């Protein structure tokens, strides 16, 4: 039994930015009050994890990344009632305290207890449960999944079906984000025309989302044509490679869609892709959703006239989903309403984690996950 005891396990540590993750032996302390220690079963590698390493997204170091996973509760701290040892769960990088303005609302999921703003990289009591070589290691958005065991607040966990597949880990971020961006944020309607920019994990999930919402046309826009067949299989009606064109991609799209698409979803994290997405929508009612994160000091040179005719520009985190909605997604996945496992193009071990980061730059595949 490991309850109430320190656990020694394997984890991928980021001692510094711009450097490959280091496989280390670490110590994971027992959960304190209102905390839950989880044995990670599978973890996905998200573009945001890569961005932290490139300093595109701020974070303290040393740090254990990863925020897309599925696991089983190993033990619970004092006062915990929402889960119990043995329950299968998905860590939430966007918690749900249930009492803040966002949580009490039905139009927001941005719980104020999130650490995306403060970036403390520590637990609620400002201490760390991670130790490596006698040094406290910071966590990522209250999760950290690039480790065999992690500890999270009891408001940052979603209990799910005990038999949920290991591929359910994508629901921890990438899939819920892209899927939700289409279904919740953009609010894609039946028969509408959509365009998705950036065919990575999130982008493919957005394509699946637009299809589920009933779009009549879904245009996948990316620079790696090897992904096109896959994109079509998952819902895209056609794909376009901006590099093939001399004329602006938004002009190409507007010419093909009677003036522009109804909904555009940006999933690359590039100011240029955001601008292309916006201008690819119909000026009279087009809706653009930005999901990607660009360098902190980059800005979108927005001409207000682009919005004046009737356009909308919005953004969201975790597809606008609240933690309490995660289980339902897992259910739909098992009922085959959504085949999340289709997005898993590569399965690796924790030791091969750096390969997943290498693939992120490759011109193929969708999502890589690790089975511990």
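Numbering follows the first chain given and starts at 1.
- Message: Can you tell me whether 182-190 has a higher mean C-alpha B factor than 102-110 in this record, or the other way round?
- Response: Taking the mean C-alpha B-factor of 182-190 and of 102-110, the larger value falls to 102-110.
- Which of 134-142 and 278-286 has higher mean CA B factor, as the PDB entry lists it: Looking at the record's C-alpha B-factors, the answer is 134-142.
- Task: Name the one of 316, 341, 312, 309 with the greatest CA B-factor according to the PDB entry.
- Result: 341 has the highest C-alpha B-factor of those listed.
- Item | Member of 264, 89, 82, 236 with the greatest C-alpha B factor (per the PDB record) | Within the set 264, 89, 82, 236, 82 shows the top C-alpha B-factor.
- Message: Ranking every modelled residue in this chain by its Cα temperature factor as given in the entry, which third contains residue 301?
- Response: Highest third, going by the recorded CA B-factors of the chain.
- Query: When the modelled residues of the chain are sorted by Cα temperature factor, does residue 217 land in the lowest, middle or highest third?
  - Reply: Its C-alpha B-factor, which the entry lists for residue 217, ranks in the lowest third among residues of this chain.
- Place residue 31 in the lowest, middle or highest third of its chain's C-alpha B-factors, as listed in the PDB entry. As the PDB entry reports it, the C-alpha B-factor of residue 31 lands in the lowest third of its chain.
- Item | residue 116 - Cα temperature factor, lowest/middle/highest third of chain | For residue 116, the deposited C-alpha B-factor lands in the highest third.
- Message: When the deposited Cα B-factors of this chain's modelled residues are ordered and cut into thirds, is residue 328 in the lowest, the middle or the highest one?
- Response: Top third by C-alpha B-factor.
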